[PDB]
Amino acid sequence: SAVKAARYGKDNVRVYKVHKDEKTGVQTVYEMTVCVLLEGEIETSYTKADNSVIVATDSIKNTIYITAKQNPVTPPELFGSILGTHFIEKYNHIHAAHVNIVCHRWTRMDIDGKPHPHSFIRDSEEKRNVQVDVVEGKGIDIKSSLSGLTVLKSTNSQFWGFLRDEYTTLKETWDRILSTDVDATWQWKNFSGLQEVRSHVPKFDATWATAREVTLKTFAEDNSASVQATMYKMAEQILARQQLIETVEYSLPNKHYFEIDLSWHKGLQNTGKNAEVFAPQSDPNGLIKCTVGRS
């Protein structure tokens, strides 16, 4: 037997950082969950019980806190690139670092119409994520994403004209509820190293904001022919607005809301144009994915 692939590290490292403006008194908080996995010349820890090649996962944890102390933690694309670069530069035998960051929302509270200097609310479980792969000699690959963005529209969604055969019971419809949890990922062109990532720092927050805005606007305004058609429109627009993105991937559940026929009860009308009360279905769910790139 032989080791074909190996990676190891520390997962679920929760980190909070506060920034204090001494001039204005305003405080800003950041909270993330971080995972770092390393690869390199470490096969002997597996095959020969040679621990001398192991940077202890406990030390990886320490390094995450130290790096957060000494560097900005925002945008997460930059922090992830700093953290990954550290490992490949510090340890001769480590040749790749894989950094995953989930950013949790702490939104400044408005109290009596004004922004509070040091009080925050978690408005939704929507996350902003990054995956950063730093590979010695091959630069830095960054995938940015938003996830956990849950939306619903109560009309202006259709689904008709699909394949009908002996396995089909679904009725065609010209008016249905459409609800999904949005997972959208944009993959940046490969960067040569940290200097190049630093040069593009302003683009990271701007592209996240654009991706979010395009997602919400397109969902709200499209008279949707299907999840497939609406999601493609989203992806097309993001690629048009940021030339440094190579691909956009969406993964969308179709969270079904079923009509409830109540006609057995005193002829009550609750279907088609008369439908008011629906039964949300926990499962099963449609799952629709697409990756869109440039011509």
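The first residue of the sequence shown is number 1, and the count goes up from there.
In this entry, 90 to 98 shows the higher mean Cα temperature factor of the pair 90 to 98 and 178 to 186. Look at the C-alpha B-factors of 108 to 116 and of 122 to 130. On average they run higher in 108 to 116. Out of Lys10, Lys17, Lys273, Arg14, it is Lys273 whose C-alpha atom has the highest B-factor in the PDB entry. Within the listed group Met32, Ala49, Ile66, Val36, the record reports its top CA B-factor for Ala49. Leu146: CA B factor in the lowest third of modelled residues in this chain (values from the PDB entry).
In the PDB entry, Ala5 places in the middle third of its chain by CA B-factor.
In this PDB entry, the Cα temperature factor of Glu77 sits in the bottom third of its chain's modelled residues, the lowest group. The entry lists a Cα temperature factor for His200 that places it in the highest third of the chain's modelled residues. In this PDB entry, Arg212 carries a Cα temperature factor that places it within the middle third of its chain's modelled residues.
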